[PDB]
Amino acid sequence: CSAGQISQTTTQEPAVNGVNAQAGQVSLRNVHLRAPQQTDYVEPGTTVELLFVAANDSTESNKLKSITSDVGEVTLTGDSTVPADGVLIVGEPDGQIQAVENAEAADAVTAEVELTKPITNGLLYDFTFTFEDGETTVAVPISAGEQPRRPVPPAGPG
Amino acid sequence: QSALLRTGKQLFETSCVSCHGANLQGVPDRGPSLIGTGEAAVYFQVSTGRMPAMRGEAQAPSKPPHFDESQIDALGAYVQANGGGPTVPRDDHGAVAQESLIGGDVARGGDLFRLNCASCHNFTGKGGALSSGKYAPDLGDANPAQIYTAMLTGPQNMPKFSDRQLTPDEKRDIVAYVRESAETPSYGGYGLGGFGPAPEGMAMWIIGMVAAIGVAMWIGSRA
Amino acid sequence: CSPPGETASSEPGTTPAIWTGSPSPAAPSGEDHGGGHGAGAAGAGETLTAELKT
Ligand SMILES: CC(C)=CCC/C(C)=C/CC/C(C)=C/CC/C(C)=C/CC/C(C)=C/CC/C(C)=C/CC/C(C)=C/CC/C(C)=C/CC/C(C)=C/CC1=C(C)C(=O)c2ccccc2C1=O
Ligand SMILES: CCCCCCCCCCCCCCCC(=O)O[C@H](COC(=O)CCCCCCC[C@@H](C)CCCCCCCCC)COP(=O)(O)O[C@H]1[C@H](O)[C@H](O)[C@H](O)[C@@H](O)[C@@H]1O
Ligand code: HEC
Ligand code: HEC
Ligand SMILES: CCCCCCCCCCCCCCCC(=O)OC[C@H](C)OC(=O)CCCCCCCC[C@@H](C)CCCCCCCC
Ligand SMILES: *C(=O)CCCCCCCCCCCCCCC
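Q: Report on helix α7 (residues 197–219) of chain B, specifying residues and quantitative values.
A: A rise of 1.5 Å per residue sets the reference length of α7 of chain B, with its 23 residues, at 33 Å; its end C-alpha atoms lie 31 Å apart and thus fit the reference within 8%. Of all the bends found along α7 of chain B, the most pronounced is centred on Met209 of chain B and spans about 30 degrees.

Next up, the structure:
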């Protein structure tokens, strides 16, 4: 009776770095920050990108995506009202394929944030995604999409 | 590719939208969202066959694949385009790499396997048990691409080994060790499975002890 | 019995500060040499860089 109403397989989040925020009609999937850090912190004043996918649940739509801004002044370049029983893919997560030579509306709604606050990988930073339906804090992580190991200096025994 | 994306979408729409809802978002309490899982996850999971899954239980078992390599690639490309994420390795031609994933070093691969893989699988990649109905399966069926993608995307209750955590060279070494341990003949006779104490004790008690008792019954006299 | 100290739900906590390791004291006093030089002054050593900007 591992197959009962509470089963391990069904109640599993995706094995992805981005968090999931189902609150609100539009569901946020694989929401993370591309913020390549060269040191302990990503210093304020540097622009890091905000990846996620906004999937519409209802066909009756919530395609506004008004502000979705928090501490950092997230700006949505090439903003569009995409979600209509479909996906709004704000950016290009590492490994993303354009899927066609051309493109629609230039960039596909790329969200970029001027930090105004140090951030580091491993921490969770709250972002308030607000559609016309409602607002939800998501606690976005920092994800190193596909970058390999940065060479750490060799150690001199002492 | 356009036609590859279209084929992946058509397969997805008539295979999994009931549990990975259309738009790749997950159906609450039936399946996780596939945004960000990537092409490697799709390749491993569908090729091992786990994904045409017909039950929600402790663990999704392996099974014959429901799609051929071309359809696996179509589904993987569709999922990668929708979400974007890790990609399965490929060789010079374009096919999923099998021999290229055999790392040169096998001692290093074995050390890494013992530190990370044997934790649950086995000393030599036989299966292992887990908490509640789960289990780490035997690795002898997995091919190098399947092992590499299993590490790349933690399939289920398995830690997700990123390239940063296990550089592709380390993963190639682990793949080499897995294949070598799986394809290596047991020196010293029939390795009874791969577990020493339990299969060895059963074989003692059944083969050696029944032989000894039967010989004793032959020599002696019932009374 | 159960372990005396467990289950502190309250006090959510705070993010650890950036570690600032102290230099090894006389115990592990060994340290890398910063550069040997005559140093006929307060001391500069055998290491000195500079950036000429515009
Ligand atoms: C703590 C504890 C014992 C918990 C319960 C776990 C347990 C032993 C459960 C039973 C295992 C079984 C019998 C599973 C099949 C499903 C099941 C329960 C069916 C109903 C049982 C039933 C009433 C059937 C009708 C008649 C009946 C009693 C049939 C029993 C059938 C069997 C399996 C008989 C032989 C007993 C047997 C092999 C038990 C497993 C125990 C061990 C330690 C096997 C060792 C062993 C292993 C594990 C290898 O992998 C191996 C690989 C290569 C070479 C050799 C071996 C080897 O010897
Ligand atoms: C009486 C004295 C005689 C003793 C038996 C001696 C037999 C000698 C055999 C010949 C020489 C040694 C061959 C060694 C080559 C070799 O090892 O043999 C394997 C086979 O293995 C199996 O499957 C088992 C096949 C079934 C036949 C053997 C069964 C004998 C058992 C019953 C004896 C013990 C008694 C226990 C009693 C049980 C009842 C208790 C109530 C075959 O390869 P494979 O099958 O592919 O192994 C997989 C890797 O590949 C793959 O990666 C790996 O991942 C694995 O999957 C691995 O299995
Ligand atoms: C218990 C933690 C865990 C560790 C750590 C782990 N595995 Fe796994 N592994 C599993 C589980 C559980 C599965 C089954 C996943 C599924 O069926 O969806 C699995 C699946 C696999 C498979 C698929 C085999 C098949 O035929 O489907 C291979 C190959 C594999 N692991 C090898 C590895 C490698 C290589 C590593 C690198 C160290 C590793 N394991 C580390 C638990 C683990
Ligand atoms: C409920 C039946 C079921 C169907 C049918 C199904 N999936 Fe899934 N899927 C799941 C479950 C449950 C998980 C997570 C647990 C697991 O994988 O065992 C999952 C996870 C996945 C993963 C891995 C996610 C990760 O984070 O590693 C991929 C890739 C995937 N599904 C793709 C597919 C594809 C492609 C198909 C159709 C070819 C499909 N699934 C069909 C239920 C299903
Ligand atoms: C006192 C000893 C005698 C028994 C006394 C009366 C014993 C009376 C036993 C009532 C049992 C009531 C169970 C209530 C279920 C529950 O609420 O929990 C749900 C749980 C989550 O579901 C499960 O996980 C599995 C549940 C199914 C059990 C399959 C057992 C099959 C047995 C076979 C393996 C054959 C064994 C051979 C057995 C051979 C015996 C044949 C009779
Ligand atoms: C998951 O591991 C099993 C799910 C099965 C749940 C329903 C069980 C029905 C009852 C079976 C009766 C068994 C025999 C009773 C002996 C007295």
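Q: Quick one: what's the story with the UniProt feature "binding site: heme c 8" (unreviewed entry) in chain B, residue by residue and with numbers?
A: Residues given the UniProt feature "binding site: heme c 8" (unreviewed entry) here are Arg50, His121 and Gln156 of chain B. Here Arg50 of chain B lies in the loop between α2 (38–48) and α3 (69–82). Residue contacts for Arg50 of chain B: discarding those within four places in its chain leaves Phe44, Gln45, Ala60, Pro61, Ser62, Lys63 and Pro137 of chain B. Mapped onto the fold, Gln156 of chain B is located in the loop between α5 (144–152) and α6 (168–183). Note on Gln156 of chain B: relative accessible area 14%, which makes it buried. If we skip the residues at most four places from it in the chain, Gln156 of chain B touches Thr9 and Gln12 of chain A together with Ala58, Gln59, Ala60 and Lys134 of chain B. Separated by 3.1 Å, the side chain of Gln156 of chain B and the backbone oxygen of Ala58 of chain B make a polar contact.

Q: Report on the coordination of the iron atom of ligand 4, specifying residues and quantitative values.
A: Residues and elements named next belong to chain B. The protein atoms that coordinate the iron atom of ligand 4 are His20 (NE2) and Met51 (SD), at distances of 1.9 to 2.7 Å. Seen from the iron atom of ligand 4, its six donor atoms lie at angles of 72 to 175 degrees, and the figure they make is octahedral. Taken together, the residues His20 in the loop between α1 (2–13) and α2 and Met51 in the loop between α2 and α3 connect sequence positions 31 residues apart. Here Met51 falls in the partly exposed class, since its relative accessible area comes to 32%.

Q: Any details on the site of ligand 3? Residues and values, ideally.
A: All names here are of chain B. In the neighbourhood of ligand 3, 26 residues make up the surrounding shell, with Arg50, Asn116, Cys120, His121 and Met158 lying closest. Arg50 places a side-chain nitrogen or oxygen 2.3 Å from an oxygen atom of ligand 3. Between a nitrogen atom of ligand 3 and a side-chain N or O atom of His121, the distance comes to 2.8 Å. Of all the secondary structure elements, the ones that give two or more residues to the shell around ligand 3 are α2, α4 (107–117) and α5. Here the residues of the shell around ligand 3 are counted per class, giving 17 nonpolar, seven polar and two charged.

Q: Could you give an account of the coordination of the iron atom of ligand 3, naming the residues involved and the relevant values?
A: No protein donor other than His121 of chain B (NE2) coordinates the iron atom of ligand 3, and that contact is at 2.0 Å. Within the fold, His121 of chain B resides in the loop between α4 and β1 (128–129).

Q: Lay out the environment of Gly110 of chain B with the relevant residues and their values.
A: For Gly110 of chain B, the location among the structural elements is in helix α4. Along the primary structure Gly110 of chain B and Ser181 of chain B are separated by 71 residues, whereas in three dimensions their C-alpha atoms are 9.0 Å apart.

Q: Describe the packing of α1 of chain B against α3 of chain B, with residues and values.
A: Residue and element names in this part refer to chain B. Here α1 crosses α3 at 95 degrees, and the two axes come no closer than 7 Å. Relative to α3, the element α1 lies roughly perpendicular. On α3, the residues that touch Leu4, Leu5, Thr7, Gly8, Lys9, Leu11 and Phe12 of α1 are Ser70, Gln71, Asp73, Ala74, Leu75, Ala77, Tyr78, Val79 and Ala81. In terms of residue class, the contact of α1 with α3 is built from ten nonpolar, four polar and two charged.

Q: Please set out the pattern of salt bridges residue by residue, giving values where relevant.
A: Scanning the entire structure with this criterion turns up 13 salt bridges over all chains. Residue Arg34 of chain A is joined to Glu49 of chain A by a salt bridge in which the shortest nitrogen-to-oxygen separation is 3.7 Å. Placement of the pair is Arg34 of chain A in strand β2 (residues 26–34) and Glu49 of chain A in strand β3 (residues 47–56), with a sequence separation of 15 residues. By relative accessible area, which is 17% here, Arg34 of chain A ends up buried. Residue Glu49 of chain A is classed as buried on the basis of its relative accessible area, which comes to 12%. Here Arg179 of chain B and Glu183 of chain B are joined by a salt bridge, their closest N and O atoms 4.0 Å apart. Residue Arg179 of chain B and its partner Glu183 of chain B are located together in helix α6, separated by four residues, close to a single helical turn. Within the structure, one salt-bridge network assembled from shared partners comprises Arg149 of chain A together with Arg108, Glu170 and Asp173 of chain B.

Conventions adopted
- Residues numbered from 1 in each chain as written, not as in the entry; some residues may be left out.
- Chains lettered and ligands numbered in written order.
- Part of a larger assembly, values for the part shown.
- Heavy atoms only, no water.
- Residues with missing side-chain atoms left out of burial classes, pairs and counts.
- Helix = DSSP H or I, 4+ residues; strand = E, 2+ residues; numbered from the N terminus.
- Expected span 1.5 Å × (residues − 1).
- Bend = angle between axes of the 7 residues up to and from the residue.
- UniProt positions renumbered as here; feature names shortened; annotations may be inferred.
- Contact = heavy atoms within 4.5 Å.
- Buried < 20%, exposed > 50% of the residue type's maximum accessible area, 1.4 Å probe, protein only.
- Polar contact = N/O pair within 3.5 Å; in protein donor to acceptor, adjacent residues only side chain to side chain.
- Donors = N, O, S within 2.8 Å, 3.2 Å for Na, K, Ca; no water.
- Tetrahedral: all angles 85-135°; square planar, octahedral: opposite > 155°, others 65-115°.
- Near = heavy atom within 4 Å.
- Nonpolar A, V, L, I, M, F, W, Y, C, P; charged D, E, K, R; others polar.
- Axes fitted to C-alpha atoms, helices over the stretch in contact; angles between N-to-C directions.
- Parallel < 35°, antiparallel > 145°, perpendicular 65-115°, else oblique.
- Salt bridge = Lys/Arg side-chain N within 4 Å of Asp/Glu carboxyl O.

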